[PDB]
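Novice: First piece of the complex, coordinates kept as in the full assembly:
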Amino acid sequence: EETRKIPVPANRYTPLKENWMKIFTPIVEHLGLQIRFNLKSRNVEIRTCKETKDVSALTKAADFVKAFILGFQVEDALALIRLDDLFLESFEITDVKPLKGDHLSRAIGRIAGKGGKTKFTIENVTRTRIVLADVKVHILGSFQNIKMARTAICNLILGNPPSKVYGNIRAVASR
Amino acid sequence: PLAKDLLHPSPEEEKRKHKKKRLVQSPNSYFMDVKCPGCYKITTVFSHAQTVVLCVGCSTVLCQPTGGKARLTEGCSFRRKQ
Amino acid sequence: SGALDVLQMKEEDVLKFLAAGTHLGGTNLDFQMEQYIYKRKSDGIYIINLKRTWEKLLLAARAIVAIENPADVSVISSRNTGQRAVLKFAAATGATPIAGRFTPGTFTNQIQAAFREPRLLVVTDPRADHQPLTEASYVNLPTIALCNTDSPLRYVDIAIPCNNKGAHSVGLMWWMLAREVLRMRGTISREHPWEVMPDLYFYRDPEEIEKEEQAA
């Protein structure tokens, strides 16, 4: 039998606990897999059981939990369960240009925008889901959608104003 | 506020304040009798002493200097003055 | 109030005060209300000294007796937990009650159907009643208030230090203020306790009232 463990950081223990029900149910009723979370090692372990359905989907289940560890909502990770052409791309803001201190914070605020609005706009433009950590940013979507969202994010951290990126990404989505 | 007798503050407030910011400034330190366990003499020791005070008869270490109040060794007794 | 051997605290008074949970306050403290705290116990709840709030109740009662006309005294409560109580406080003396949402411009806009010109204001909760304090600061209107420890004292002239979040404490303290004003107003005497039970002024939850008449 195969097993796979997913670590849980301390900032994700309470979200994991609070909606644990809608996390362990879609694995045991749909994919027929057998899971637990140990507190001594702080690890969510998934292993296959006897009444397993479609064994070559175990990885998908792991991706489920993995997405919820990165900060994605459980609906988007359940979409990662359903659709097969869904991928995850992660990178740092300083990983493409060195920004230090207040410049880094301003780049984060430019990606987010007021009320998160700019970030939210990009999602509805690209049919993706973006959660950005303290310096990390994660995009969930299909390949070309990831490329479009990465294009918009990289342009926003270049220093291009959010208005121009807003208009250009709407025009690119029109195409 | 706006009504408090600055001439007659409450004694717990005066003891609460910084030693220079009282109405009439006063030290927080004291002198004390120290009785070594191996003898029965009396040694006059400053509470915030900076030197290692030795016994006049036993030549033993009485207090150890620290950042603040001096640390008396175990076994010796002390009594404040005045 | 004056060490005159007739207006002091009694054992029944302190017993019913500790029964109703009035003496215990909130988790915040405003620096203008430090003189009503006895001490800070380690649990995190500021206790309110009982003799201080007794003297403050007596001062508020002396302020409210001094008006000869009971009709021009406004008694207001926005939170429901005191609402019906202030209505019965009207039945105490005839002071006009305002329960529920307060209409802006009631005290300051003279072209209104509800335009009142009181001579004292008594307030259940200063935080919920920020608009009537704001309007009372425009028309030379003094203020009585039931003030918790986490309550601002702006435009408040007598702040009764009490727990006002709980229904029992606020209903009790309204009943006690009514008993004091009726005692030295001229209606009742001191040899006999007031026949009105403190539980009559208490706000009742609809969940409580749907199963109160079941036990008849």
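Specialist: Received it, and whenever you're ready, just let me know what you need. Numbering: from 1, shown residues only, chains lettered A, B, ... in the order given.
Novice: can we go C-alpha only for contacts and neighbour counts from here?
Specialist: Fine.
Novice: Helices along chain C, start to end?
Specialist: C:11-20, C:50-65, C:80-93, C:130-136, C:167-185, C:206-209 (DSSP state H).
Novice: So for residue C:149, which of those sits nearest?
Specialist: Across the helices of chain C, residue C:149 has its closest neighbour in helix C:50-65 (12.0 Å, Cα to Cα).
Novice: and residue C:215, how far is that from residue A:134?
Specialist: Going from residue C:215 to residue A:134 by Cα to Cα, to the nearest Å gives 59 Å.
Novice: cool, residue C:216 as well?
Specialist: From residue C:216 to residue A:134 the distance is 62 Å (Cα to Cα).
Novice: Compare those two and say which one has the larger neighbour count.
Specialist: With neighbours defined as other Cα atoms under 10 Å in any protein chain shown, residue C:216 and residue A:134 compare such that residue A:134 has more, 10 against 5.
Novice: Please give me every residue in contact with the closest residue to residue C:164 other than its chain neighbours.
Specialist: Of all residues not flanking residue C:164 in the chain, residue C:170 sits nearest, at 5.0 Å (Cα to Cα, 6 or more residues apart in numbering or on different chains). Applying Cα atoms under 8 Å, 6 or more residues apart in numbering or on different chains to residue C:170 gives the contacts C:22, C:81-82, C:124, C:162-164, C:202.
Novice: Then residue B:75?
Specialist: In this structure, residue B:75 makes contact with B:36-37, judged by Cα under 8 Å, 6+ apart.
Novice: which SS state does it fall under?
Specialist: Recorded secondary structure, residue B:75: coil (DSSP: H, G, I helix; E, B strand; the rest coil).
Novice: Let me see the backbone angles for the residue lying farthest from the centre of chain A.
Specialist: Residue farthest from the centre of chain A, counting by Cα atoms, centre = their mean, is residue A:50 at 30.6 Å. Here is the backbone geometry of residue A:50 (degrees, to the nearest 10): phi -70, psi -40.
Novice: Return the distance of residue C:211 relative to residue C:204.
Specialist: Here the criterion is Cα to Cα. By it, residue C:211 lies 11 Å from residue C:204.
Novice: can you add chain D next? sequence is:
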Amino acid sequence: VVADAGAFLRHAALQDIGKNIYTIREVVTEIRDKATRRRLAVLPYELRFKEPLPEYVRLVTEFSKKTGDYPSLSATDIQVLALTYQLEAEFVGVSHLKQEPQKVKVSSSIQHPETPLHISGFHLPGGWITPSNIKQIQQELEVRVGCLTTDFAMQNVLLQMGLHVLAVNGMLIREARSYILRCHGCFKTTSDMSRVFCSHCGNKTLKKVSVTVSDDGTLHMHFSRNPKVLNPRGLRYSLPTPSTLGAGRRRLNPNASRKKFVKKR
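Specialist: Same chains as before, plus chain D:
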């Protein structure tokens, strides 16, 4: 077998095991779920509606206010308790049940109140969750008339009275353990897990305290001897002059380091 509204909410189809299925109208006409309403029209109608006598409802109210579970339960809960007490009274002799409930014993512990003991999906050291156990995991699982109560208040008062309580499964309940909210200001307990303000004093002062009851009528209730829970650290801050998302941000005390270019609303 008295069916509570929780059994209707959980689609508990136990009409085959029990024959004395009786309940009150308002516990079934207050359900707002459309699937339960659709399922109610398919099930056979062996259910009968009746109203308990005023005397027995009253006596239920006095020992409900003696046991301290008075504000946690509603009028429909009172009606359900009265109906099951009447059914027990006119089926079996009334000398079996008792009154004057036993005083609660004190037994503290060093574990934190938010320790996730007996949560199925976790593992304290084995402890594994299979799809075959999902139907098994409903609650803590261990003759003529029973009860289909779900909420812990009614089960608590029934086990305090010694009345045998039943579940969605065939067997009865021997032990019932849960969490309640106890006030540390006015010393009043509330079993409502979603409330945040207290009942008597009215402060935001309720804290998690565990309880466990048995069949004999013996209850024991555990505090926590941890000074982390009871300290006034983040409780005082100056206030400005006058839903579930962003929950962990409120649990930080205001007098702490937030990032310089972020803002709390």
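Novice: Using the three-state scheme, assign the closest residue to chain D within chain B.
Specialist: Closest approach of chain B to chain D (Cα to the nearest Cα) occurs at residue B:1, with a separation of 18.3 Å. Three-state assignment for residue B:1 (three-state DSSP): coil.
Novice: what about it, distance to residue C:33?
Specialist: Noted for residue B:1: a distance of 11 Å to residue C:33, by Cα to Cα.
Novice: With residue B:16 instead?
Specialist: Separation of residue B:16 from residue C:33 (Cα to Cα) stands at 21 Å.
Novice: Equivalent analysis for residue D:253, please.
Specialist: Taken as Cα to Cα, the span from residue D:253 to residue C:33 is 23 Å.
Novice: So if I had to pick from the two, which one is more boxed in?
Specialist: Comparing residue D:253 with residue C:33 by other Cα under 10 Å, the one with more neighbours is residue C:33, at 18 against 13.
Novice: and the spatially closest residue to the more buried one that is not a sequence neighbour, how many neighbours?
Specialist: Nearest non-adjacent residue to residue C:33, counting by Cα to Cα, 6+ apart: residue C:149, 6.5 Å away. As a burial measure, residue C:149 scores 26 neighbours (other Cα under 10 Å).
Novice: Might one say that residue C:149 is in contact with residue C:32?
Specialist: No - if you go by Cα atoms under 8 Å, residue C:149 and residue C:32 don't touch, sitting 9.4 Å apart.
Novice: For chain A, which segments count as helices?
Specialist: For chain A, the helices defined by DSSP H occupy A:13-18, A:21-26, A:58-70, A:74-82, A:102-112, A:117-126, A:143-158, A:162-174.
Novice: and what of the stretch 51-200 of chain D?
Specialist: Here the stretch 51-200 of chain D has its helices, by DSSP state H, counting those that start in this stretch, at D:54-66, D:75-91, D:152-161.
Novice: so which of these is the most packed in?
Specialist: By mean neighbour count, with neighbours taken as mean count of other Cα atoms under 10 Å in any protein chain shown, helix D:152-161 ranks first of the helices of the stretch 51-200 of chain D at a mean of 22.
Novice: Go ahead and add RNA strand E:
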RNA sequence: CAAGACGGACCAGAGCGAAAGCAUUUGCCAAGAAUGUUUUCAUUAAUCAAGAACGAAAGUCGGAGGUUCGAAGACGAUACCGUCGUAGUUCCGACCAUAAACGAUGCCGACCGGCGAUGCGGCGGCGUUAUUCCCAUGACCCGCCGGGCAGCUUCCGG
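Specialist: RNA strand E, in position alongside the others:
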């Protein structure tokens, strides 16, 4: 295996320094703020013309080394981009003395609201921990004082 580079994560509403600036271990050297002080001297102080010391990056003279990156430049596509790449980026010794060198905000002193967080030092105290540690000490908890970095709130006044 070697060569030079650079010290991630920890790393913060943090700390130190006159500023520019400062992050692998250990050892040596001499400074330093705050604290504590019933020590010593007794006005020895505050501010700056002249004058002096340090002063990011780039740049200039000489020695050493050139890992990566890379102005100019050579190619390929379309000022943008890619491949290669010189000076430079690195160390040593002298020049240069300029920055959005920012709090776009002289220095010293006094008074004038509140709160609780944090770094350091001092003080007082129930208590828990070094598998109910058999007194002290480190780690926590509560409270106070002093100098700090830094927040929130206020019809102080402007």
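Novice: now with RNA strand E: the contacts of residue C:170?
Specialist: Residue C:170 makes contacts with C:22, C:81-82, C:124, C:162-164, C:202, as judged by Cα under 8 Å, 6+ apart.
Novice: Ok, residue D:7 next?
Specialist: By Cα under 8 Å, 6+ apart, the contact list for residue D:7 reads D:148-150, D:168.
Novice: swap in residue B:80?
Specialist: Residue B:80 makes contact with B:30-33, according to Cα under 8 Å, 6+ apart.
Novice: Surely residue D:208 is in a strand?
Specialist: Yes - read with three-state DSSP, residue D:208 is one of the residues of a strand.
Novice: how close does it sit to residue D:230?
Specialist: Distance, residue D:208 to residue D:230, using Cα to Cα: 11 Å.
Novice: more neighbours, those two?
Specialist: Neighbours per residue, other Cα under 10 Å: of residue D:208 and residue D:230, the larger number sits with residue D:208, 21 against 14.
Novice: Quick check: chain neighbours aside, which residue is closest to the more buried one?
Specialist: Nearest residue to residue D:208, sequence neighbours excluded (Cα to Cα, 6+ apart): residue D:181, at 4.9 Å.
Novice: Can you tell me which of the contacts of residue B:80 are buried?
Specialist: Among the contacts of residue B:80, those classed as buried by 16 or more other Cα atoms under 10 Å in any protein chain shown are B:31-33.
Novice: Out of those, the closest to RNA strand E would be?
Specialist: Checking the buried ones among the contacts of residue B:80 against RNA strand E by Cα to the nearest atom of the strand gives residue B:31 as the nearest, at 6.7 Å.
Novice: Quick one: residues contacting the residue nearest the centre of chain D.
Specialist: Nearest to the mean C-alpha position of chain D, counting by Cα atoms, centre = their mean, stands residue D:152 at 2.5 Å. Going by Cα under 8 Å, 6+ apart, residue D:152 touches D:176, D:178, D:191.
Novice: Show me those residues that map onto strands.
Specialist: The members of the contacts of residue D:152 that map onto strands under DSSP state E are D:176, D:178.
Novice: Show me which of the contacts of residue D:152 is closest to RNA strand E.
Specialist: Closest to RNA strand E out of the contacts of residue D:152 is residue D:178 (26.2 Å), distances taken as Cα to the nearest atom of the strand.
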